file protein-v1.txt (compact mmCIF, C-alpha atoms and all ligand atoms)
# COMPACT_ATOMS: atom_id res chain seq x y z
CA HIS T 8 0.00 0.00 0.00
CA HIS T 9 0.98 3.70 -0.56
CA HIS T 10 -1.20 5.17 2.33
CA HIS T 11 1.86 6.11 4.52
CA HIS T 12 1.79 9.81 3.27
CA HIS T 13 -1.69 10.28 4.99
CA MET T 14 0.04 9.58 8.35
CA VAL T 15 -1.59 11.45 11.30
CA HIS T 16 -0.20 11.86 14.87
CA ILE T 17 -2.74 10.15 17.17
CA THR T 18 -2.84 10.75 20.96
CA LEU T 19 -5.04 8.99 23.52
CA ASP T 20 -7.86 10.82 25.37
CA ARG T 21 -7.47 10.02 29.16
CA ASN T 22 -11.05 11.17 29.84
CA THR T 23 -12.52 8.34 27.68
CA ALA T 24 -10.37 5.58 29.22
CA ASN T 25 -11.73 2.78 31.39
CA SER T 26 -10.67 3.57 34.97
CA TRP T 27 -8.15 0.64 35.09
CA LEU T 28 -6.10 1.90 32.11
CA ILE T 29 -2.69 3.59 32.41
CA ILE T 30 -1.88 6.03 29.59
CA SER T 31 1.75 7.15 29.23
CA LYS T 32 2.79 10.83 29.77
CA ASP T 33 3.19 11.28 25.97
CA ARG T 34 -0.41 9.90 25.46
CA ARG T 35 1.02 7.37 22.90
CA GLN T 36 0.87 4.10 24.96
CA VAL T 37 -1.86 2.43 27.02
CA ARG T 38 -1.89 -0.74 29.17
CA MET T 39 -4.15 -2.55 31.67
CA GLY T 40 -3.38 -1.67 35.28
CA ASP T 41 -3.80 -4.34 37.91
CA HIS T 43 -8.52 1.08 39.62
CA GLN T 44 -6.19 3.97 38.65
CA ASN T 45 -7.69 6.49 41.17
CA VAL T 46 -9.57 8.68 38.62
CA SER T 47 -13.12 10.12 38.98
CA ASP T 48 -15.99 8.58 36.95
CA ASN T 49 -17.47 10.54 33.99
CA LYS T 50 -20.03 9.86 31.24
CA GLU T 51 -17.24 9.43 28.55
CA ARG T 52 -15.44 6.44 30.23
CA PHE T 53 -15.97 2.96 28.81
CA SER T 54 -17.25 1.09 31.93
CA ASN T 55 -17.34 -2.62 30.98
CA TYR T 56 -14.21 -3.10 28.82
CA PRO T 57 -10.56 -1.89 28.77
CA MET T 58 -11.24 0.65 25.97
CA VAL T 59 -10.03 4.19 25.19
CA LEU T 60 -10.44 6.64 22.27
CA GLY T 61 -7.98 8.82 20.39
CA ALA T 62 -8.39 12.58 20.97
CA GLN T 63 -8.52 13.31 17.22
CA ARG T 64 -11.94 13.55 15.44
CA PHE T 65 -12.16 12.99 11.67
CA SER T 66 -15.11 14.14 9.47
CA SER T 67 -13.32 14.25 6.02
CA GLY T 68 -10.12 13.18 4.21
CA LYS T 69 -7.75 10.27 4.29
CA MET T 70 -5.99 9.29 7.56
CA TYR T 71 -3.38 6.57 8.36
CA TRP T 72 -1.78 5.46 11.63
CA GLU T 73 0.10 2.40 13.05
CA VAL T 74 -0.27 0.51 16.32
CA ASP T 75 2.25 -1.89 17.98
CA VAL T 76 0.58 -5.08 19.36
CA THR T 77 3.81 -7.01 20.19
CA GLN T 78 3.34 -10.00 22.57
CA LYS T 79 -0.39 -9.36 23.25
CA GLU T 80 -2.87 -12.26 23.38
CA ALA T 81 -6.03 -10.14 22.95
CA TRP T 82 -6.91 -6.64 21.61
CA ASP T 83 -9.38 -4.74 19.42
CA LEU T 84 -8.34 -1.87 17.03
CA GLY T 85 -10.00 0.41 14.53
CA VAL T 86 -12.29 3.48 14.49
CA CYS T 87 -15.68 4.29 15.90
CA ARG T 88 -18.32 7.01 15.87
CA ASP T 89 -17.81 9.77 18.44
CA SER T 90 -21.35 8.90 19.77
CA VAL T 91 -20.83 5.16 20.52
CA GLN T 92 -22.32 3.80 23.76
CA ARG T 93 -19.83 3.98 26.70
CA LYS T 94 -21.79 2.15 29.49
CA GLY T 95 -22.90 -1.45 29.81
CA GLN T 96 -22.53 -4.39 27.41
CA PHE T 97 -22.39 -4.08 23.61
CA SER T 98 -20.91 -5.85 20.55
CA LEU T 99 -18.35 -4.29 18.20
CA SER T 100 -20.26 -3.98 14.87
CA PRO T 101 -20.89 -1.31 12.22
CA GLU T 102 -24.57 -1.23 13.39
CA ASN T 103 -23.25 -0.02 16.82
CA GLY T 104 -20.77 2.47 15.23
CA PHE T 105 -17.51 0.42 15.22
CA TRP T 106 -15.14 -0.61 12.36
CA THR T 107 -12.63 -2.92 14.06
CA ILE T 108 -10.53 -6.10 13.92
CA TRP T 109 -9.33 -8.16 16.86
CA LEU T 110 -7.16 -10.96 18.16
CA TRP T 111 -8.79 -13.47 20.55
CA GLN T 112 -7.74 -17.05 21.42
CA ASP T 113 -5.10 -17.32 18.67
CA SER T 114 -7.57 -16.21 15.88
CA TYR T 115 -7.96 -12.85 14.11
CA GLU T 116 -11.50 -11.67 13.17
CA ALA T 117 -13.14 -8.57 11.69
CA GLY T 118 -15.91 -6.93 13.78
CA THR T 119 -18.78 -7.54 11.34
CA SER T 120 -22.12 -8.99 12.58
CA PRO T 121 -21.60 -11.85 12.68
CA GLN T 122 -17.77 -11.70 12.89
CA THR T 123 -15.58 -12.61 9.88
CA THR T 124 -12.53 -14.94 9.97
CA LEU T 125 -9.26 -13.25 8.91
CA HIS T 126 -6.49 -15.18 7.09
CA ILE T 127 -3.11 -14.07 8.51
CA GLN T 128 -0.01 -16.28 7.83
CA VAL T 129 2.44 -13.89 9.63
CA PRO T 130 1.14 -12.82 13.12
CA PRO T 131 1.40 -9.00 13.10
CA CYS T 132 3.55 -7.05 15.57
CA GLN T 133 2.28 -3.71 14.08
CA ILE T 134 -1.10 -2.95 12.39
CA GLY T 135 -1.71 -0.06 9.94
CA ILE T 136 -5.19 1.54 9.87
CA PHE T 137 -6.38 3.57 6.87
CA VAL T 138 -9.61 5.60 6.79
CA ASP T 139 -11.04 7.24 3.65
CA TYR T 140 -13.99 9.26 4.99
CA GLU T 141 -15.50 10.28 1.62
CA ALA T 142 -15.14 6.77 0.12
CA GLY T 143 -16.59 5.03 3.23
CA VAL T 144 -13.51 2.73 3.64
CA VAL T 145 -11.61 1.39 6.66
CA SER T 146 -8.65 -0.88 5.82
CA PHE T 147 -6.16 -2.78 7.99
CA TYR T 148 -2.57 -3.70 6.96
CA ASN T 149 0.01 -6.17 8.36
CA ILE T 150 3.18 -4.00 8.76
CA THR T 151 5.22 -7.14 9.84
CA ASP T 152 4.34 -8.78 6.43
CA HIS T 153 5.43 -5.90 4.07
CA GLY T 154 2.09 -4.06 4.50
CA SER T 155 -0.15 -6.92 3.25
CA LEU T 156 -3.94 -6.32 3.40
CA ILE T 157 -5.77 -7.85 6.38
CA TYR T 158 -9.32 -6.55 5.85
CA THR T 159 -11.34 -3.78 4.12
CA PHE T 160 -14.72 -2.51 5.36
CA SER T 161 -16.36 -0.81 2.37
CA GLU T 162 -19.73 0.96 1.93
CA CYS T 163 -19.23 2.21 5.53
CA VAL T 164 -22.02 4.45 6.87
CA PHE T 165 -20.00 6.48 9.42
CA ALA T 166 -22.97 8.77 10.26
CA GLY T 167 -20.82 11.17 12.34
CA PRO T 168 -17.30 12.17 13.31
CA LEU T 169 -14.86 9.23 13.74
CA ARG T 170 -12.37 8.61 16.56
CA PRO T 171 -9.44 6.13 16.72
CA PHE T 172 -10.55 3.16 18.88
CA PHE T 173 -8.44 0.83 21.14
CA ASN T 174 -9.10 -2.12 23.46
CA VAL T 175 -6.02 -3.46 25.36
CA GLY T 176 -8.04 -6.57 26.43
CA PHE T 177 -8.36 -8.20 29.85
CA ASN T 178 -5.42 -9.95 31.46
CA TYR T 179 -7.06 -12.97 33.18
CA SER T 180 -4.23 -15.22 31.78
CA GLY T 181 -1.25 -13.14 33.01
CA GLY T 182 -0.03 -13.23 29.37
CA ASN T 183 -1.76 -10.04 28.09
CA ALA T 184 -0.17 -7.21 30.16
CA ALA T 185 1.79 -5.66 27.24
CA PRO T 186 0.70 -2.19 26.04
CA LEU T 187 -0.78 -0.92 22.77
CA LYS T 188 1.65 1.72 21.41
CA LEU T 189 1.14 4.35 18.67
CA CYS T 190 4.24 3.95 16.41
CA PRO T 191 6.20 6.98 15.20
CA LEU T 192 5.77 8.43 11.66
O1 LIG T 201 -13.98 -10.52 35.83
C1 LIG T 201 -14.09 -9.78 36.78
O2 LIG T 201 -14.82 -10.02 37.72
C2 LIG T 201 -13.27 -8.48 36.81
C3 LIG T 201 -12.78 -7.97 35.45
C4 LIG T 201 -11.90 -6.73 35.59
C5 LIG T 201 -12.00 -6.13 36.98
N1 LIG T 201 -13.41 -6.08 37.39
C6 LIG T 201 -14.16 -4.98 37.57
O3 LIG T 201 -15.32 -5.06 37.96
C7 LIG T 201 -13.59 -3.62 37.18
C8 LIG T 201 -13.41 -3.48 35.69
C9 LIG T 201 -14.45 -3.77 34.82
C10 LIG T 201 -14.28 -3.66 33.45
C11 LIG T 201 -13.07 -3.26 32.98
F1 LIG T 201 -12.89 -3.15 31.64
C12 LIG T 201 -12.01 -2.97 33.79
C13 LIG T 201 -12.19 -3.10 35.16
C14 LIG T 201 -14.03 -7.39 37.55
call {"tool": "encode", "arguments": {"input": "protein-v1.txt", "output": "structure tokens"}}
result
Amino acid sequence: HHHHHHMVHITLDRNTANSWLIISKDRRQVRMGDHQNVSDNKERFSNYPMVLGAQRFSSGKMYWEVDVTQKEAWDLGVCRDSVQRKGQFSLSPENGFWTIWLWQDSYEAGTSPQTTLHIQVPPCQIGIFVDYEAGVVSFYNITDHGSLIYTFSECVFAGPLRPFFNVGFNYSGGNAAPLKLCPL
């Protein structure tokens, strides 16, 4: 792919984070803490270890990269600014999410129902491309020379978009590693 020139500098929005997350001083890394002594607010994801990027996108082409090295479970993509924050929900375009994930040694796209991904080289870094006007979200395997993972097309965004992250639970003791926004 030749999307690298649409690179944007993403930072995490502390105020949206689940109360167990630890965001680095530079707002470029997030991990599961083992409650982080913050007040509750209506923006925080309550049920899952999720956080949003601070940036909002309503036009144009945007590209960023995320490091997932040594994690067992995570979700990545974009979502509407107005997604539900409280209680249980599924990650689907109907609920305002365009995501992929790793879970139990399989990769899947967040369609409803979910779609099996075919990845021969487990990624250490994921590239995410959004074309707002075209209604496209695409995912790339940076570890495998940028190979395509998945394209959501005919997307109905229906509002501003935010970068979306889930570090996953760490019931196993094998999923403590952070998500990291990789430099341009
Ligand atoms: O499985 C369980 O009982 C624990 C899971 C994580 C810790 N638990 C909490 O209630 C607090 C919490 C909830 C959601 C979240 F994303 C992060 C922290 C219960």
call {"tool": "residues_around", "arguments": {"input": "protein-v1.txt", "residues": "residue 134 of chain T", "least_positions_apart": "2", "cutoff": "7 Å", "atoms": "only C-alpha atoms", "output": "PyMOL selection string"}}
result
chain T and resi 73-75+131-132+136+147-150
call {"tool": "residues_near_ligand", "arguments": {"input": "protein-v1.txt", "ligand": "ligand LIG 201 (chain T)", "cutoff": "12 Å", "atoms": "only C-alpha atoms and all ligand atoms", "output": "ChimeraX atom specification"}}
result
/T:24-29,38-41,43-44,52-59,93-96,174-180
call {"tool": "residues_around", "arguments": {"input": "protein-v1.txt", "residues": "residue 130 of chain T", "least_positions_apart": "3", "cutoff": "9 Å", "atoms": "all atoms listed in the file", "output": "VMD selection string"}}
result
chain T and resid 127 149 151 to 152
call {"tool": "closest_residue", "arguments": {"input": "protein-v1.txt", "among": "T:187, T:81, T:37, T:62", "to": "residue 116 of chain T", "atoms": "all atoms listed in the file"}}
result
T:81
call {"tool": "axis_aligned_box", "arguments": {"input": "protein-v1.txt", "around": "segment 39-49 of chain T", "padding_each_side": "8 Å", "output": "lines of an AutoDock Vina configuration file"}}
result
center_x = -10.4
center_y = 3.1
center_z = 36.4
size_x = 30.1
size_y = 30.9
size_z = 25.5
call {"tool": "build_atoms", "arguments": {"input": "protein-v1.txt", "residues": "segment 34-50 of chain T", "atoms": "N, CA, C and O atoms", "output": "PDB file, in the coordinates of the input"}}
result
ATOM      1  N   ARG T  34       0.935  10.252  25.984  1.00  0.00           N
ATOM      2  CA  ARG T  34      -0.410   9.900  25.460  1.00  0.00           C
ATOM      3  C   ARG T  34      -0.257   9.017  24.204  1.00  0.00           C
ATOM      4  O   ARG T  34      -1.236   8.970  23.406  1.00  0.00           O
ATOM      5  N   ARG T  35       0.805   8.260  24.069  1.00  0.00           N
ATOM      6  CA  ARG T  35       1.020   7.370  22.900  1.00  0.00           C
ATOM      7  C   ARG T  35       0.979   5.895  23.259  1.00  0.00           C
ATOM      8  O   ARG T  35       1.021   5.063  22.335  1.00  0.00           O
ATOM      9  N   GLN T  36       0.917   5.508  24.532  1.00  0.00           N
ATOM     10  CA  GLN T  36       0.870   4.100  24.960  1.00  0.00           C
ATOM     11  C   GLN T  36      -0.204   3.914  26.013  1.00  0.00           C
ATOM     12  O   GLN T  36      -0.526   4.852  26.774  1.00  0.00           O
ATOM     13  N   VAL T  37      -0.819   2.740  26.014  1.00  0.00           N
ATOM     14  CA  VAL T  37      -1.860   2.430  27.020  1.00  0.00           C
ATOM     15  C   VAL T  37      -1.718   0.963  27.403  1.00  0.00           C
ATOM     16  O   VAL T  37      -1.483   0.118  26.533  1.00  0.00           O
ATOM     17  N   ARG T  38      -1.878   0.665  28.685  1.00  0.00           N
ATOM     18  CA  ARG T  38      -1.890  -0.740  29.170  1.00  0.00           C
ATOM     19  C   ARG T  38      -2.939  -0.869  30.292  1.00  0.00           C
ATOM     20  O   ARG T  38      -3.364   0.128  30.900  1.00  0.00           O
ATOM     21  N   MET T  39      -3.286  -2.129  30.545  1.00  0.00           N
ATOM     22  CA  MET T  39      -4.150  -2.550  31.670  1.00  0.00           C
ATOM     23  C   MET T  39      -3.373  -2.398  32.975  1.00  0.00           C
ATOM     24  O   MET T  39      -2.222  -2.859  33.075  1.00  0.00           O
ATOM     25  N   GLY T  40      -3.934  -1.660  33.915  1.00  0.00           N
ATOM     26  CA  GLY T  40      -3.380  -1.670  35.280  1.00  0.00           C
ATOM     27  C   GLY T  40      -3.916  -2.848  36.058  1.00  0.00           C
ATOM     28  O   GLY T  40      -4.834  -3.540  35.608  1.00  0.00           O
ATOM     29  N   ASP T  41      -3.309  -3.118  37.206  1.00  0.00           N
ATOM     30  CA  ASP T  41      -3.800  -4.340  37.910  1.00  0.00           C
ATOM     31  C   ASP T  41      -4.926  -3.933  38.892  1.00  0.00           C
ATOM     32  O   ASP T  41      -5.432  -4.818  39.633  1.00  0.00           O
ATOM     33  N   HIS T  43      -7.981  -0.269  39.924  1.00  0.00           N
ATOM     34  CA  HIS T  43      -8.520   1.080  39.620  1.00  0.00           C
ATOM     35  C   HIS T  43      -7.416   2.122  39.706  1.00  0.00           C
ATOM     36  O   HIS T  43      -6.672   2.109  40.717  1.00  0.00           O
ATOM     37  N   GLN T  44      -7.320   3.037  38.732  1.00  0.00           N
ATOM     38  CA  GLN T  44      -6.190   3.970  38.650  1.00  0.00           C
ATOM     39  C   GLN T  44      -6.486   5.309  39.354  1.00  0.00           C
ATOM     40  O   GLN T  44      -5.761   6.293  39.108  1.00  0.00           O
ATOM     41  N   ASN T  45      -7.482   5.358  40.223  1.00  0.00           N
ATOM     42  CA  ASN T  45      -7.690   6.490  41.170  1.00  0.00           C
ATOM     43  C   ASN T  45      -8.117   7.748  40.426  1.00  0.00           C
ATOM     44  O   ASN T  45      -7.841   8.877  40.860  1.00  0.00           O
ATOM     45  N   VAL T  46      -8.928   7.580  39.382  1.00  0.00           N
ATOM     46  CA  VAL T  46      -9.570   8.680  38.620  1.00  0.00           C
ATOM     47  C   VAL T  46     -11.056   8.780  38.981  1.00  0.00           C
ATOM     48  O   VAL T  46     -11.646   7.783  39.353  1.00  0.00           O
ATOM     49  N   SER T  47     -11.656   9.956  38.826  1.00  0.00           N
ATOM     50  CA  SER T  47     -13.120  10.120  38.980  1.00  0.00           C
ATOM     51  C   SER T  47     -13.872   9.494  37.810  1.00  0.00           C
ATOM     52  O   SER T  47     -13.306   9.407  36.712  1.00  0.00           O
ATOM     53  N   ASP T  48     -15.106   9.067  38.022  1.00  0.00           N
ATOM     54  CA  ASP T  48     -15.990   8.580  36.950  1.00  0.00           C
ATOM     55  C   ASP T  48     -16.500   9.770  36.149  1.00  0.00           C
ATOM     56  O   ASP T  48     -16.553  10.904  36.672  1.00  0.00           O
ATOM     57  N   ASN T  49     -16.857   9.526  34.883  1.00  0.00           N
ATOM     58  CA  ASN T  49     -17.470  10.540  33.990  1.00  0.00           C
ATOM     59  C   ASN T  49     -18.243   9.791  32.906  1.00  0.00           C
ATOM     60  O   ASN T  49     -18.093   8.539  32.762  1.00  0.00           O
ATOM     61  N   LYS T  50     -19.099  10.492  32.197  1.00  0.00           N
ATOM     62  CA  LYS T  50     -20.030   9.860  31.240  1.00  0.00           C
ATOM     63  C   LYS T  50     -19.259   9.376  29.990  1.00  0.00           C
ATOM     64  O   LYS T  50     -19.847   8.525  29.279  1.00  0.00           O
TER      65      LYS T  50
END
